[PDB]
Every structure is written in C-alpha cells, then in structure tokens.
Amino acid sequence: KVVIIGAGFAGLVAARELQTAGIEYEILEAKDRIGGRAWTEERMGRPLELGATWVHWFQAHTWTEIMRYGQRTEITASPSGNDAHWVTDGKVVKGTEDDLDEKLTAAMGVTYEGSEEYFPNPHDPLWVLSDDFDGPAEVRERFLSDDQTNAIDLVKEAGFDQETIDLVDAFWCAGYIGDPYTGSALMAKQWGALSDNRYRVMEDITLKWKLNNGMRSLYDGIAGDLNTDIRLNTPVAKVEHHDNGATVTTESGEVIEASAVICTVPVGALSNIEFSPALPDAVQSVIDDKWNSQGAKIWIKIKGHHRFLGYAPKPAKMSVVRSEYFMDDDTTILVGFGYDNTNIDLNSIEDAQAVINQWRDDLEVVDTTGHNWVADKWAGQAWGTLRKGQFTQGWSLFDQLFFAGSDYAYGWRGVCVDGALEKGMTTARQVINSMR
C-alpha cells in the first residue's frame, strides 16, 4: 500500500523500516537489478565497485549496516605510495606524497574556515539560517556568501600560488564529480565539519576503507530481509498525489493505488516521471538546473605493479587517478574520477591510455571499464553534488509524496551511501508517524 519507487539503498532501507512498523509496501525498480548507484560487478577479473566503494565507522548509518550484515572485519584500506604526480602550469610535477598532503592540508584549512561557526552540530547544516541562531550577523553574511562561491576561489583569494590552485582544482573535480567552478563551497565546508574539520579525517572517511565483499554485501542483505518481492523491470511513468493517497502508473500501464509514495529517483532521472499535480516551482528549478554530477568514474588496468597518484586540473579527462589493486597477473588496477562524462569513453583503451599519459610515458594500459551514470536513464548523474546556491536553496526544498535518497540527506549528502540510508529511514519514519 505504500509504493517505494527505486530499489537503491534509500528505497531498500525505507522498505525494511516500513516492514518493522507492520506497514504494507511495494518496491518498484526500473532496472533488472537492485542497488542503484551502488553496483558491485564482475569486471576485469575482480569484483569492482562501478559506483560507490568507500566506508568508515564515523558514518553512522553505513556502519550500522556493516555491523548488521556481518562485514565488521571485512574492510581493507586502499594502498599508499611515496610519490605523487601533478600538473600545475601545463607541466607535470613529481613530488613526495608527504609534500602533496602538506599543500592540500594547508588549502583545506582555508577551505574549512567558518565550519566551526556554521556547523557546531554537523547534522544541522542550515542552523545558521535558523530563527534563534545566536552568532554574529557577520557569520550570517558569510554563510550565504559561501553558498555562491566555489571552493577554488576561496583558495585563490587567500593568496595561494598557482601550484596549490591547480592541486585543489583537480581535487574538487573529483570531489564535486564534474565542474568545481560551478559548485557551492558550503558542500566542502560541511564535509570538513563531518570530519572533525581535519583533512586527514575527511580522507579517512571518504577514500580509505573498502568493503571486501562490495556494497552488494549490504544492499543484498537489506533486500534479503524483505518479506515482499521487489518488482524489477517495472519503471514508474506517472505519480498522481492527492490528499487521499496516491496513484502510480508503470511504463506498461499498470495502475497501482497507494496510501503514500516514497520516491527515491535521483534528480537526474525525475524527468522520466510525470507528476500530477506538478511539483512546486522551487523544486522544478533544481530539477532543471540538475546536479554538478556531470563527471565519471573509471577503472584502468596497467602492466606491472605501480603505486601511482596523479592530479590534473580541469579540463583533464581524469583529475584524480590512484592505484587500488595489485593483481597477481603482474598488473595494477587504478581508479580515476573526472569532471566530464562526455570527454571520455570509460571502455576505450585508447582513452584510458590518454589518461595515464597525462602524467607518465612508461605505463601501458591493457584494459579499462566503467559505467557512465550520467548517460544512464535511471540515474542521470553520478553522486549528488551542489551547484552554487544549492546548499541553502537546493537539497532541502524536497521536504502524500515524499522524496528520499542520498541527495536530500542532512549529513553525508549525495557523496555517501550513508546519506541514502539516513534519508530512506527517516522518510519511512515520516510515513510511519503520519499513519499513527
């Protein structure tokens, strides 16, 4: 009777939560697989994370699921190396990773400025805008100003040199999964607050520990708890939402009546659904503007064992590339993040070779793979990231129709499964509370 649209983490956890409360539900998934933008798949001779992959015990919702489904000890840290390669001014620079992390640490210290006054409770991101905010009016003028500034301009204005500017350019090409210059600096500042305002903790939480058994160990766990079969290959085309319940029409014309709808379809894919009545103009504006998730994630296999770390600013095909697995077949698997999905074919060896050639001439690519989420009709975006203005006038606007998903979370929004687990569960609680 409650229809959940989408069988990603948010819809799976919402279903389990409704099941706990004894509330009847049905999950409709457009694809022939569950997991959504988390997708552990058999590629290049390894289970590979085609979507998300890193976790941490400081992510409350993700960690509780890790504990629930037996993965407590099944995490492995990504490998480290001694040297990094970077491109500052149309030239490749090689230096120690220690020297790299010092420059990045100093830049993040400037990027985080204000986060202690903005986010004393980092799960209350809009507290500065609240009615009883008790800080100075200056802190109220800097918060709104930061929503309209990108994270690179904060570093340029502090007088950092071009090398550091190019390093943070590359960093946020990966972090903002697209063009960082159109992004909102407050995203970066909230990441810092959730990470005790320390760059090393931020990296520990988002880019260190991998699930040995993949995200699949978690989303199959949740689905394995459900007492109602997920309806795969059942795309939703129309949602009618009134005061008395709602109606959902599938792509095939099947009409489902429902007391409520929990819609986990990401912003990049909401255009496939006709909403009757139409969504509010403020929400439609965000849907038109889309995310800042125009990038891509690649997996590259090269000959030999090489501990590699490369940074390249926009418009590089890939901005951050790092070794992740050393195969017993004398090869290394690297992961890369790039700002523009249309400038790279994730499955073309020549394009992957062009990526490695950004920094080196002695490394040979033998395979490459990736799923282009932006060109995936049911996603339309990688992980959700914020354009200018979307920290205070974006994700919070989505409020018997409820939107749930990582892109609307209070905490680790968009970038982490933690946000999907948070918002799926709390949205189910909204439905539970209304029926009680």
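The term rigid core refers to the maximal set of C-alpha atoms that superpose within 1.5 Å between the two forms. Note that residue numbering follows the sequence shown and begins at 1.
- In summary, of the stretches 76-84 and 101-109, 76-84 shows the greater Cα distance from the shown form in 6 other deposited structures of this protein, with structures fitted on the rigid core.
- Each structure in 6 other deposited structures of this protein is fitted to the shown form on the rigid core, and of 361-369 and 134-142 the C-alphas lie farther away on average for 134-142.
- Residue-level annotation: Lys297 has coordinates in all of the other entries compared, counting only those that model residues on either side of it, so it never reaches the one-third mark.
- Across the other compared structures of the same protein with both neighbouring residues present, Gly245 lacks coordinates in at least a third.
- The deposited sequence places 4 to 9 unmodelled residues between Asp399 and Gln400.
- As listed in the deposited structure, the average C-alpha B-factor of 185-193 and of 132-140 is greater for 132-140.
- Comparing 249-257 with 343-351, the stretch with the higher mean C-alpha B-factor in the PDB entry is 249-257.
- Of the candidates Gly394, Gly36, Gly405, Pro47, the PDB record gives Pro47 the highest C-alpha temperature factor.
- Highest CA B-factor among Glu102, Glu74, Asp169, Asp204, as stated in the entry: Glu102.
- In this PDB entry, the Cα temperature factor of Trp127 sits in the middle third of its chain's modelled residues.
- Ranked by C-alpha B-factor against the other modelled residues of its chain, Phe337 falls in the lowest third.
- For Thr228, the recorded CA B-factor ranks within the highest third of the chain. Only modelled residues enter the ranking.
- The deposited CA B-factor of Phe160 belongs to the highest third of values across its chain.
- Looking at the C-alpha B-factors along this chain, the one for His371 belongs to the lowest third.
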